[PDB]
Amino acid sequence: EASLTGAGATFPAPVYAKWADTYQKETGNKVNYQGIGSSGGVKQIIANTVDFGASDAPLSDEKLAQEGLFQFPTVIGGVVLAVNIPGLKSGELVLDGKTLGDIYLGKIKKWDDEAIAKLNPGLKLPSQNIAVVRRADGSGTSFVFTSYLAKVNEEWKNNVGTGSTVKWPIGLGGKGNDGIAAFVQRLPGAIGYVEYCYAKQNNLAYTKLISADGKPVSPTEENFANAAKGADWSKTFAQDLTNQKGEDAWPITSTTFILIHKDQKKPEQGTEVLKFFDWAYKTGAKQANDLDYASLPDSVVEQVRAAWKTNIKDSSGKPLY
C-alpha cells in the first residue's frame, strides 16, 4: 500500500478519479488527485510537492531536460462547446471554426445572427444574446481550444493567439472544467468549452463542428480516436490533434500528459507511480471508454514502457521499471 499524490489538469480528472477508485479496491494503493488545471500541475511537480504532475499542454524537449522531467500520454479526449439555447436539443446546432472564433472575438452577439443561421438552415434560432464563458485559471483546455481557434480564425491568431492563459476579448471566467459546466447550466444563452465528459455527465447540450475536411461531425469517443489516426507517435508524444484531416475526425481533440522526475529521490514513490499507470494501461481501457475517452494504441504504450526503463532512475543510476 502506498499513498501517491498527483495534481493538475481537470481535463482527464474523471478517468483518473475512476482509475484511482478501482486501483484502491483491487490493490489498496491510494492515489489522491487534485484538479487545479495544467499550469498548477506543472508548478507543483517542479516544486516537488506532488509525486506526479498532469498537463494537456506538452512541455518541449528543452524544457523537460532543463527541469529533469519526463512526460507521457494517457488518454485521448475531445473539447466540446456546451450551450444553453432555450428550445435547442443536443447535437442540432452546427458551428464552423471561423464562426466559433467570431463569437469568442465578440463579433457575433445574437444566436439568430446571419452567420449562424446560414450554417443551420432548418433551425429556428432564437433572438437571445450570446454569453461567452471561458476559463479563469491557467488551463490545458484553453491551450487546446486557443490552438484550434488560431488555425481557423486569423483575427484570433493575430490579436489573441494561443496559450494556457490569454487576453480574452469578452466573456465570464469559470474555474476548472467543472466551473464552465456549472456556468452554462445557469446562464440562458451561454456557450463554454469543456472536455466532453463534463457536458455529457451534466446533461448539457453541445454542438457539432465542421471537420477540417468539411463535414459536420459529432463528438463521440470514436471521432476523438479518428482525429488521432494519422499521428506519428514514433517521432514524438507531443502530438497536436486539433483540426486533423480524415473522415469523422473531431476537430478539437487532444491527448493528456503525466510529468514525473527522471532522478527519483524517493524511489519507492516513483516505482508505485509507474505501477499505477502500467495498471491503467493494462486494465483501465473500459473505464476510460465508459467516460468517453479513447485509449492510446498498444504501440504507443510499448513506447512509454521502453522510455520508463531508460529514463526513470534513482540517485544511484538504477532504473525503477
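When you see a residue number, it is the position in the sequence shown, counting from 1.
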| property | result |
| --- | --- |
| Of 77 to 85 and 198 to 206, the stretch whose C-alpha atoms average the higher B-factor in the entry | 198 to 206 |
| Segment of higher mean CA temperature factor, 258 to 266 or 29 to 37 | 258 to 266 |
| Peak C-alpha temperature factor (PDB record), options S218, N159, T242, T162 | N159 |
| Most elevated Cα B-factor in the entry, residues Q128, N223, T141, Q71 | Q128 |
| For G246, the third of its chain into which the C-alpha B factor falls | highest |
| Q66 CA temperature factor, ranked by third within the chain | middle |
| Modelled-residue ranking by C-alpha temperature factor, third containing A288 | middle |
| Chain thirds of CA B-factor: placement of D112 | highest |
| Lowest, middle or highest third - CA B-factor, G179 | lowest |
